[PDB]
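A.B. asks: Got an experimental structure here, sequence first:
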Amino acid sequence: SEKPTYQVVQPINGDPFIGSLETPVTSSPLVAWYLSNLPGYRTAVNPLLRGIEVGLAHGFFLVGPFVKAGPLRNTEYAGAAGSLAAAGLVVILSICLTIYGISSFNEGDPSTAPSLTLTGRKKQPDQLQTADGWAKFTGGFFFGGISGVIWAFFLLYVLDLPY
Amino acid sequence: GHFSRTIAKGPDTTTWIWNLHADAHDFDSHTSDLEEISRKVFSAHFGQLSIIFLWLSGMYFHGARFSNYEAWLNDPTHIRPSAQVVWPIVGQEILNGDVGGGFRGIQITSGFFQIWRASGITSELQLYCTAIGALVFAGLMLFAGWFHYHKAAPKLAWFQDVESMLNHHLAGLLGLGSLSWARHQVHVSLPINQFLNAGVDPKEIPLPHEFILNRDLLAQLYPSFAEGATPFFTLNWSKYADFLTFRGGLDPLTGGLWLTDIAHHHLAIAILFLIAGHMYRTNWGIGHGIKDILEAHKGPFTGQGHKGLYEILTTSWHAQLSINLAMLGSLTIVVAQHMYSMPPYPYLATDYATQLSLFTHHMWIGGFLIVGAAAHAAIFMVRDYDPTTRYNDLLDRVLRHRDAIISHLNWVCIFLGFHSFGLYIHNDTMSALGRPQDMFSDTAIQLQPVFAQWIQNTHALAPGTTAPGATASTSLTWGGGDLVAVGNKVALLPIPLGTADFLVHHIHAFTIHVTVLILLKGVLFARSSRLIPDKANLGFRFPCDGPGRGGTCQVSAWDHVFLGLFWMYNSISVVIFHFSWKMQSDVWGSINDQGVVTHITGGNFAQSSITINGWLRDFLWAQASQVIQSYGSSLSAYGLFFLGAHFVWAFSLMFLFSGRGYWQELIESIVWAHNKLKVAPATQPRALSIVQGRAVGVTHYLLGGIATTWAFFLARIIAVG
Amino acid sequence: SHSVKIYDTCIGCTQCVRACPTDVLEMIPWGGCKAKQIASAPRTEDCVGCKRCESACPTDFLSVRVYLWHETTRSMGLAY
Amino acid sequence: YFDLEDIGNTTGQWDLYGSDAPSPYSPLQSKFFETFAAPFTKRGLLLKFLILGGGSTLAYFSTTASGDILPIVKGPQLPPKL
Amino acid sequence: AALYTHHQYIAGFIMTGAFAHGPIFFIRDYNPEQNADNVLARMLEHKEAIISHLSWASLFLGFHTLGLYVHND
Amino acid sequence: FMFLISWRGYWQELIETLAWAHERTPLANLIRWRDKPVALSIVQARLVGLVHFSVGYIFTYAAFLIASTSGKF
Amino acid sequence: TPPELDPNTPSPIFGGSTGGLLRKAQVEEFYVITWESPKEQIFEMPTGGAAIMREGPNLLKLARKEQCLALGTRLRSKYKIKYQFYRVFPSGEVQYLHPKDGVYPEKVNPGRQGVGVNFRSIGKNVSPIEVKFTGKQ
Amino acid sequence: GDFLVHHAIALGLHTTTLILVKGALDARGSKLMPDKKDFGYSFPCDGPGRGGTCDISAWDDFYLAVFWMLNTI
Ligand code: CLA
Ligand code: CLA
Ligand code: CLA
Ligand code: CLA
Ligand SMILES: CCCCCCCCCCCCCCCC(=O)OC[C@H](COP(=O)(O)OC[C@@H](O)CO)OC(=O)CCCCCCCCCCCCCCC
Ligand SMILES: CC1=C(C/C=C(\C)CCC[C@H](C)CCC[C@H](C)CCCC(C)C)C(=O)c2ccccc2C1=O
Ligand SMILES: CC1=C(C/C=C(\C)CCC[C@H](C)CCC[C@H](C)CCCC(C)C)C(=O)c2ccccc2C1=O
C-alpha cells in the first residue's frame, strides 16, 4: 500500500467497517515505533519490570507540581517535603491499581488482551492482564513511584539548577 | 393551514392553530418545486425591506416632531438624548423626565442623535423629509414584492446565476454605496460638522446645498478644494490630504473618529469593492467560473474536494442561509467590538448609556444569528443532502470521522470548564478560609495575559515605526499615555489587562466551545447515529423516538438548537457583563481640573471580579440599586420590566421542567366541567406538542432573561452616566 | 428484555410491523377479524422499546402494548 | 472482501495494533528489582499494606507544628449583642 | 427563625409523601370490587369534579393575588 | 436545571462518541470498563435534577436565614 | 423454508469510518446483511456517508441488528432490492433472522405461531395481587 | 400586607393539592392512558404516540408538586 496512494486516510488496517481510520498520527513509522516501545506496550516482557519503568517515571514527575503549587510554596519547612504529598498520591494511585486488578481473576482465562498483532499474524498472547500479571505490575509501580519521588526530592534537596 | 390544502382542510383540535404559524414560513414543506420556493423567499425579502424601511421612517419622524435633537445639538455634553413622548393617561406621564432642553421625554439609547450629528443634519425640516423619503421607499418595496410574485416572477435560472449576483452585491451595493456615502461626507458631513465643532450653532450654519454649489464656502477651510481643475487629474493626490487624513485616534473635542478619516476610508473601500467586483465570469468573456476554481482545490487529505459544491449552493437555500447567518452574526459581533474601541460618532463615547446598550444589542443579534446557522445547516442535512446526485466528498469524511470531532470537542470543553470556572471556585474557597495569598490574583499567584499585553504593546509603538503615515494610534485602548476627555466625561483610555482579564477570556473560550459542541453535534448526527440509524426519516423537527434504548429524548437536530440556545444566552450574558463592569471600573468616569480620574466603581474589577461572590456582590447587588429604586422616577418602567422579566423567566421553567402528558390529563377534568354546562368547544382543546412546549419554554426563558438585564443595564448607566 | 403483547381487538392493519425497526413483530392467520390476520410478537429479544408500533395502531387504544421490563444490551440500543 | 467465519478475530478489531511489540527485553538490572519489588507483587497483601499505610496520615497529623490550629491569640468579638 | 423554617420544610415534604403513597395505594393495593360503591370508590367516579374545582380555586386565587400585587407595583 | 431541561437522548449519543474514543486511544486501551457507560434514565434525571433543585433551595435560604439574622441579631 | 446461508461475498466500496464495529463485535455480537444489486449504485450507509453499492452478492457487517434493517428497508425502497441479514456471534454459529419465514413479516404467512397473544382484549386486565406475574400475561 | 401573602399561601396550598390529588385520582388511568394501572407508580412515559405522553405517571405528578411545595413553603 505504498506509495502512489497520493492520499492519507487509509481505512484502518484495510478494514473500512471497523471504526477508526489510518492517519499519520494513527500509524506513522515514527509514531508506531514510538508506541511499540514503552512499558505499557512491550508485551512478552515481565509485568513487574514494566511497572517499575512506568511507576518510576510518574513518581518523579509528580513532585514538581505538588512542590511548586503546594500550600507551602514558599517555605523551608515545606521546602519540598510536599514531595511527601507526591508520594501519598502514588500510595493512593496504587490502591486504585490494586482494586482494578480484581476485575481480572486468577482462573484466570489469562489475558483479555488481543491474541494477534495487526497483519493478522495470528501469533502470541499479551499477559499484562490476568491477576498475577497485573499485580506484579502494580507492585512495580508502587516501587517505581516511591523511588522516583525520593530521587527527585534528592536533587531538589541540593539542587543548584535551577535555583 | 392556508399554505397547503390538506393542511387547510379543517380544524378538529387546537393543535391545528399552533401548526399553522409554526410552518408559515416553511416554504420548502409546501412545495417540492425549487422555483416556487425561490420565488416565494425573494418576494419575502421585499416585504422585509418594507418593514425596516417603515421602521426607519418612524425613527426620523419621531426625531423631527417628538425629540429635542436641536436642543441636544447646542449642548451635547449635558443634554439627555430623548425621542418619543408619553400621553398623560392612567398616571403614565411620570415616564416623561428631565432630559434637558426644556423637554419632557424618555431618554433613548439607539444612538440616532449621534448618527444625525455625524450626517450634518441640523433641522427637524431635514429629519421630516428623510422620514417621508423612507415611507416612499417602504411603499415601493412592498409593491415590488407583489409585482414579482403575481405579475413577473423570475425564472429559477435567474436566481442560479450566482456569479453575476456576486459581482454586483460587493461592487454595485458595497462599492458605489461606500463611494456615494464618501461624497456626502466631504461635501456635507465634514463641512457642517467642522462648523458645529466651532460652536457656530445649527441655525447659523449655512444649508448643506450651499456648500456643494459654490466652492467658496467649502474652500476657505480645506483649501485643496480651491482648485477647480483639482489635483486629481494631475494624479499627484498629495494636495487633497487636507480634508482626508490617516490621523486616526480620536478628536479631543467631539470624542468621535475624525470624519477626516472616515471619508478617506470609504473612498478606499469603494474602489476596493469596485475592483473586487470585477472577478466572476458573465457574458462578455472576462471573469471567473466559480465552478471551475472551486474544483481546482483538492488534496492528499481531501481527495476530491469542493467538487460538487457549486451544485449544492445553487439548489439549496438552507445551505446558503446557514453560511450567511453564521457570518452575518459573526459580523454583528465584531461590529460591537469595533464601535466601542473606536467611537465613530460625535459625542458617542461620552454618552455611556448609548454605548452600553449598543454593544449589548449587537452581541445578542450576532449571537442569535449564529445559532440560526446551526439550525439550517442541520435542516440541509435532513432535507437536501443527497449523495447520489450531489456528492461533495468534503462533507464525506466529516461524516466519516464525526464521532471523532465531537469526542475531542467534548474533551476541550471539560478542560476549559475546569481551567476557567474552577479557578474561581478556588479563589472563592481560599478567600473564605482567610488565605488570599493562595488565590489566583495579581497580589498573589498571578496569571498574567502576557500575550494580549504584548499585542497591545506593539499597537502602541505602531505609529511612526511600522505605521509612518499614522500620526496617532488606532484606538486609545492601545494608546499608552493618551487620554481623551469630552465634557467632564472620559471618552476613552488605555485598557489594562491583568489576571482578572485572563480568567474571563477563558470563560468566553469555554462558553463558545460548548455552544459550538451542542450545535455541531446536532448537525453531524442529524441523519444517522449508533442510537438512531434512521433519524433522517424522523425529520428535522421531531420530539423523540420513544423511551426505548434507555430513552431517546431530544435526539432531533431541532432540540440541539434548543439546548444550544440557552448556552448562547449563557454565553453572551457574560460577555455583556464583562463589558459593563470593565468599562465602568477601569474606563468610564469623570476627569477633574488637575487631571485626576475617578471611575464609576473605582477600579474594583481587578481584585473583585476574580471571585464569584465578587460578581454577585460588587456587581449585581451593587449595580442593581438603581433599578430597584427607580419607583417614583422617570426610570419607573425599567423597574417594572425588571420585575416583569423575572416573571416571564420563571414562567418558562413551568414548560421546561414538565411534559404534556400531565397537562392533557388535567384538561380532561376541565373539559368535563365544560360538558356539564354545555360549554364544550367543538374544537377540542389539546395540550401543546412535545416540541412546542420546548419552543415555548426557551423563548420565554430568553425573553425573561434578556429582558431582565436590559432593564438592569438601562437603569444603571442612565442614573449614573 | 421488554415485554410486548397483542390483543384480539386488533384488526390486522399490519402497521405495527412496518413501524418496527428491529423486526419484533409479524402477521398471523386468525379468524377474529375481516382481514383474518393478527399481529404477533415472537422476537421480543430484539425489542428496543421505542413504541413506534403503538403510534401506528388505529384501534381505539392499542392492540399492541409494550411493557418496558428488564434491560439488556439489545434493549438498551447499544452499539458498543 | 475479507470476512472469514473461520477466524472471528481478524474479522473484528481483535488484532493488537502495531503498538504491541513482543520484542526482546531490557538490561539485567531487572534481577535487582525482581528481588526487592517482590513483596508488593502479591496483591491483596499490598491492598492491605497501603490501607494500613494510612497509619502514616494519622501519625503526620497527630504531630504537626505548622498548620493553623491556633488563634494565634486574640480578644474575641462580643459581638452583635455580646 | 431557624426552627420555624426547619419544621415548615419538614412539614412540607411530609405532606407531599402522604399525597404520594396515596396513588401507590390505588395502583398496587386497591381492590375496586371489595370497595364497591363506598366513599373511597366514589372518589374515582367523580374525580373530574374534584380536579376541575381545584383548578378553578387555584386559577381564581392566582389571577387576583398576582393581580392585586402587580397593580400596587 | 440541567437535568430538568436537557433530556436523555442528547447525552446518550454524546457518551457513545466517548465510548468510541476510549477504545481508540493508546495507553488507555489496556483499561476497560466493567459497566457499559450510558446516559441516566428519563425518570432518574427528573429525580437527580429535583434533588439538586431541592438541596440548593434549602441550603441557599439556610445560609441567608442564619447569617442575615445572626449578623444583626 | 431453508436458510440460504452466506459464505463469502465482496464488500461494498467505502474507504472507512469511525462508526463501525468496536469490541462489542469481538466479544458479544455483530450483524451482517446481504443484498444483490443489478447495478453498481450508490447508497447512504447508516453510521457514515456515501458508499458504492456494487453489483453482485454484496456482503456487509454491522452491529445492533437495527442498523441492518434500516439499510435493508432503504434497500427495498429506492431500489427494488431483496435483502437478508444474520447475527454472526463471536464463535462462528449461524443464526438467521429476517426474513426468516422467507416472506416478509408484514405479509401474512401460513405457519407462524402466535406468541404472546391475549384473547381477553385490553382493559380487561387485572390488578395485583402479590403473586408472580403482572396480569398482562 | 398580611392579606395578600395569606392568599399567596392559599394559592400555594390549592395548586399543590391540585397536582397531588390529580396524580392520585388518575394513577389507575385516564383517557389518554386507561391502562396506567398496568405500568406501576413510576414509569418514564407511554411514548410520543397519541400526541405525546411526557410526565404522565403518578410519580411525575408528585415530582411536579415538589416544585410547588417548595414555592409555597
Ligand atoms: C480546575 C481548576 C483548578 C486549578 C488549576 C487548581 C490549582 C491549584 N489548587 Mg485548587 N481547587 C479547585 C480548583 C482548581 N485548583 C476547586 C474547584 C476547589 C474547591 C474544593 C479547590 C480547592 C483547593 C484547596 C483547598 C487548595 C487548592 C490548591 C491548589 C494549588 C495546588 C494543588 C495541587 O496539588 O497541585 C496539582 C497536582 C498535580 C498532580 C497536577 C497534575 C496536573 C498536570 C500539570 C497535568 C499536565 C498535563 C499534561 C499536558 C499532559 C500531557 C503532556 C504530554 C506532553 C505527555 C494549585 C494552584 C492548594 C493551594 O493552592 O494552597 C495554597 C490548596 O490547598 N485548591
Ligand atoms: C396587494 C394586496 C394583496 C392581495 C389581495 C394578496 C393576495 C394573496 N397573496 Mg400576496 N403579496 C402581496 C400583496 C397581496 N397579496 C405583497 C405586497 C407581497 C410582497 C411581500 C405579497 C407576497 C405573497 C407571497 C409569497 C404569497 C402571496 C400569496 C397570496 C394569496 C394567498 C394569501 C396568503 O398568502 O395567505 C395569508 C394572508 C396574509 C395577509 C398573511 C399576512 C402576511 C402579511 C404581509 C403580514 C404583515 C407583516 C406584519 C406587519 C409583521 C408584524 C406583526 C406584528 C404585529 C407582530 C392571495 C391570493 C400566496 C399564494 O400565492 O398562495 C400559494 C403566496 O405564496 N403573496
Ligand atoms: C436569516 C434569517 C432566517 C430566515 C429567513 C429563517 C427561515 C425559516 N426558519 Mg429560521 N432561525 C433563524 C433565522 C432565519 N430563519 C435563527 C437566527 C434561528 C436561531 C434562533 C432560527 C431557528 C429556527 C428553528 C428551530 C426553525 C426555523 C424554521 C424556519 C423555516 C420556517 C419557520 C417559520 O415559518 O417561522 C415561524 C414563526 C413563528 C413560529 C413565530 C414564533 C414567535 C416568535 C419566536 C416570538 C418572538 C418574540 C419577539 C421577538 C419578542 C416578544 C414579542 C411579544 C411579547 C409580542 C423558515 C425557512 C423552522 C423550520 O423547520 O425550517 C424549515 C424551524 O423549526 N428557524
Ligand atoms: C412564575 C412561573 C409560573 C407561573 C406564573 C405559574 C402559573 C400557574 N401554574 Mg405553574 N409551575 C411552574 C411555574 C409557574 N407557574 C414551575 C416552575 C413548575 C414546575 C415544573 C410548575 C408546575 C405547575 C403544575 C403541576 C401546575 C401548575 C399550574 C399553574 C396555574 C395555577 C393557576 C393559578 O393559580 O393562577 C392562574 C394563572 C396565573 C396566575 C398566571 C397567568 C399569567 C397571567 C396572569 C395571564 C395574563 C396574561 C396577560 C394578559 C399577558 C398577555 C401576554 C400577551 C403577549 C398576550 C398557574 C397558571 C397548575 C394548573 O395548571 O392549574 C390549572 C398545575 O397543575 N404549575
Ligand atoms: C504552542 C504554540 C504554537 C501553535 C501550534 C499549535 C496551535 C495550533 C493548533 C495546531 C493545529 C494544526 C493545524 C494544521 C493545519 C491544517 O489544518 O491542515 C489542513 C490539512 C490540509 O489538507 P489538504 O492539504 O488536503 O487541504 C487541501 C484540500 O484538502 C482542500 O481542498 O487538512 C487536514 O489536516 C485534515 C485533518 C484536519 C486536522 C484537524 C486538526 C484541527 C486542529 C484544531 C485546533 C484549531 C485551532 C485554531 C486556533 C485559532
Ligand atoms: C402549562 C403547560 C401546558 C398547557 C398550556 C397551554 C395549553 C397554553 C395554551 C393555552 C392558551 C393560552 C389558551 C388559548 C385561549 C384562546 C386564545 C382563547 C382566548 C380568548 C380571549 C381570552 C382572548 C402544556 O400544554 C405543556 C406541554 C408541554 C410541556 C409543558 C407544558 C406546560 O407547562
Ligand atoms: C448531564 C446529564 C446526563 C449525563 C450524566 C451522567 C453520565 C451522570 C454521571 C455523573 C458522574 C459519574 C459524576 C457524578 C458524581 C456524583 C456526586 C455521584 C456521587 C456518588 C453517589 C452519591 C451516588 C444524563 O444522562 C441525562 C439524562 C437525562 C436528562 C438529563 C441528563 C443530563 O443533564
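C.D. replies: Everything's here; your move. Numbering: from 1, shown residues only, chains lettered A, B, ... in the order given. Ligands and ions are numbered 1, 2, ... in the order given.
A.B. asks: Return the distance of residue G:136 relative to ligand 5.
C.D. replies: 53 Å (C-beta to the nearest ligand atom, to the nearest Å). C-beta: built from backbone N, CA, C; applies to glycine.
A.B. asks: residues in contact with that residue?
C.D. replies: Listed by C-beta atoms under 8 Å, 6 or more residues apart in numbering or on different chains, the contact set of residue G:136 reads C:3, C:5, C:65, C:67, G:118, G:125, H:38.
A.B. asks: which ones are touching the residue in chain F that chain H sits nearest to?
C.D. replies: Closest to chain H within chain F is residue F:42: 3.9 Å, counting by C-beta to the nearest C-beta. Residue F:42 sits next to B:547, B:551, B:553, F:7-8, H:44-45 when contact means C-beta under 8 Å, 6+ apart.
A.B. asks: try 10 Å this time
C.D. replies: B:547, B:550-553, B:659, F:7-9, H:43-45, H:54-55, H:60 (C-beta atoms under 10 Å, 6 or more residues apart in numbering or on different chains).
A.B. asks: Keep only those that also lie close to chain D.
C.D. replies: For chain D, no contacts are drawn from these by C-beta under 10 Å from any C-beta of the partner chain.
A.B. asks: out of the contacts of residue G:136, which are inside strands?
C.D. replies: C:3, C:5, C:65, C:67, G:118 (DSSP state E).
A.B. asks: Make CSV from those and add distance to chain E to it.
C.D. replies: Formatted as CSV, those follow (distance: C-beta to the nearest C-beta, whole Å):
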residue, distance to chain E
C:3, 18
C:5, 19
C:65, 17
C:67, 14
G:118, 20
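A.B. asks: most neighbours, which of those residues?
C.D. replies: residue C:65 (24 neighbours; other C-beta atoms under 10 Å in any protein chain shown).
A.B. asks: Tell me if I'm right that that one and residue G:118 touch.
C.D. replies: Yes - judged on C-beta atoms under 10 Å, residue C:65 makes contact with residue G:118 at a distance of 8.9 Å.
A.B. asks: So for these two, which residues contact both of them?
C.D. replies: C:5-7, G:125, G:136.
A.B. asks: ok, the residue minimising distance to the centre of chain D - contacts?
C.D. replies: For chain D, the residue nearest the mean C-alpha position is residue D:50 (9.4 Å; C-alpha atoms, centre = their mean). When contacts are counted by C-beta under 10 Å, 6+ apart, residue D:50 is found next to A:90-95, A:97-98, A:138, A:142, D:40.
A.B. asks: Can you pull the phi/psi pair for residue C:7?
C.D. replies: Dihedral pair for residue C:7: phi -120, psi 150, per degrees, to the nearest 10.
A.B. asks: next one: residue G:86
C.D. replies: As for residue G:86, its main-chain torsions (degrees, to the nearest 10) stand at phi -130, psi 170.
A.B. asks: So which residue is smack in the middle of chain H?
C.D. replies: Most central in chain H (C-alpha atoms, centre = their mean) works out to residue H:61, at 2.8 Å.
A.B. asks: Which positions in the host helix or strand of it come out as buried?
C.D. replies: Using DSSP states H and E, residue H:61 falls within helix H:58-72. Neighbour-count burial for helix H:58-72, counted by 16 or more other C-beta atoms under 10 Å in any protein chain shown, picks out H:58-70, H:72.
A.B. asks: which stretches of the chain form helices?
C.D. replies: Using chain A here. A:29-36, A:47-69, A:83-100, A:131-156 (DSSP state H).
A.B. asks: The intended chain is chain D.
C.D. replies: Counting by DSSP H, the helices of chain D are D:8-11, D:30-36, D:45-51, D:55-62.
A.B. asks: looking at the ones you listed, which is closest to residue B:378?
C.D. replies: helix D:8-11 (35.4 Å; C-beta to C-beta).
A.B. asks: Point me to the residue of chain C nearest ligand 5.
C.D. replies: Closest approach between chain C and ligand 5, counting by C-beta to the nearest ligand atom: residue C:80, at 24.1 Å.
A.B. asks: now the closest residue to that residue other than its chain neighbours, what's its secondary structure?
C.D. replies: Nearest non-adjacent residue to residue C:80, counting by C-beta to C-beta, 6 or more residues apart in numbering or on different chains: residue F:19, 4.4 Å away. Counting by DSSP: H, G, I helix; E, B strand; the rest coil, the backbone at residue F:19 sits in helix.
A.B. asks: just to revisit the earlier point, so which of the contacts of residue F:42 comes closest to ligand 7?
C.D. replies: The closest of the contacts of residue F:42, once distances to ligand 7 are taken by C-beta to the nearest ligand atom, is residue F:8, at 3.6 Å.
A.B. asks: Find the nearest non-adjacent residue to the closest one, please.
C.D. replies: In space, residue F:8 is closest to residue B:551, 3.8 Å off (C-beta to C-beta, 6+ apart).
A.B. asks: Is the one you found in a helix, a strand, or coil?
C.D. replies: Strictly by three-state DSSP, residue B:551 counts as coil.
A.B. asks: Quickly check: stretch B:697-711 near chain H or not.
C.D. replies: No - Stretch B:697-711 lies out of reach of chain H by C-beta under 10 Å from any C-beta, never closer than 12.4 Å.
A.B. asks: can you pull out the helices in chain E?
C.D. replies: Under DSSP H, chain E gives helices at E:2-18, E:21-24, E:47-72.
A.B. asks: circling back: hmm, the residue nearest to the centre of chain H is touching residue H:26, no?
C.D. replies: Yes - with contacts counted by C-beta under 10 Å, residue H:61 reaches residue H:26, the gap being 7.8 Å.
A.B. asks: re earlier: please report how far the residue of chain F closest to chain H lies from residue A:110.
C.D. replies: 41 Å (C-beta to C-beta, to the nearest Å).
A.B. asks: Check residue E:58 too.
C.D. replies: In terms of C-beta to C-beta, residue E:58 sits 67 Å off from residue A:110.
A.B. asks: need the contact list for whichever residue of chain E sits closest to chain A.
C.D. replies: Per C-beta to the nearest C-beta, residue E:2 is where chain E lies closest to chain A, at 34.4 Å. Contacts for residue E:2 (C-beta under 10 Å, 6+ apart) come out as F:62, F:65-66, F:69-70.
A.B. asks: Ok, residue B:519 next?
C.D. replies: B:370-371, B:373-375, B:377-378, B:557, B:560-561, B:563-565, B:567-568.
A.B. asks: mind redoing it with 7 Å?
C.D. replies: Remark: with contacts taken as C-beta atoms under 7 Å, 6 or more residues apart in numbering or on different chains, residue B:519 is in contact with B:371, B:374, B:560-561, B:564.
A.B. asks: got the residues of chain F near ligand 7?
C.D. replies: Proximity of chain F to ligand 7 (C-beta under 6 Å from any ligand atom) is limited to residues F:2-3, F:6-8, F:11, F:39-40, F:45.
A.B. asks: Would you mind checking the residues you listed for buried ones?
C.D. replies: F:3, F:6-8, F:11, F:39-40, F:45.
A.B. asks: Tabulate the residues you listed (JSON lines), appending distance to residue B:61.
C.D. replies: Compiled in JSON lines, those are given as follows (distance: C-beta to C-beta, whole Å):
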{"residue": "F:3", "distance to residue B:61": "51"}
{"residue": "F:6", "distance to residue B:61": "46"}
{"residue": "F:7", "distance to residue B:61": "48"}
{"residue": "F:8", "distance to residue B:61": "53"}
{"residue": "F:11", "distance to residue B:61": "52"}
{"residue": "F:39", "distance to residue B:61": "56"}
{"residue": "F:40", "distance to residue B:61": "57"}
{"residue": "F:45", "distance to residue B:61": "53"}
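A.B. asks: of the residues you listed, closest to residue B:3?
C.D. replies: Nearest to residue B:3 among these, with distances taken as C-beta to C-beta, is residue F:7, at 30.9 Å.
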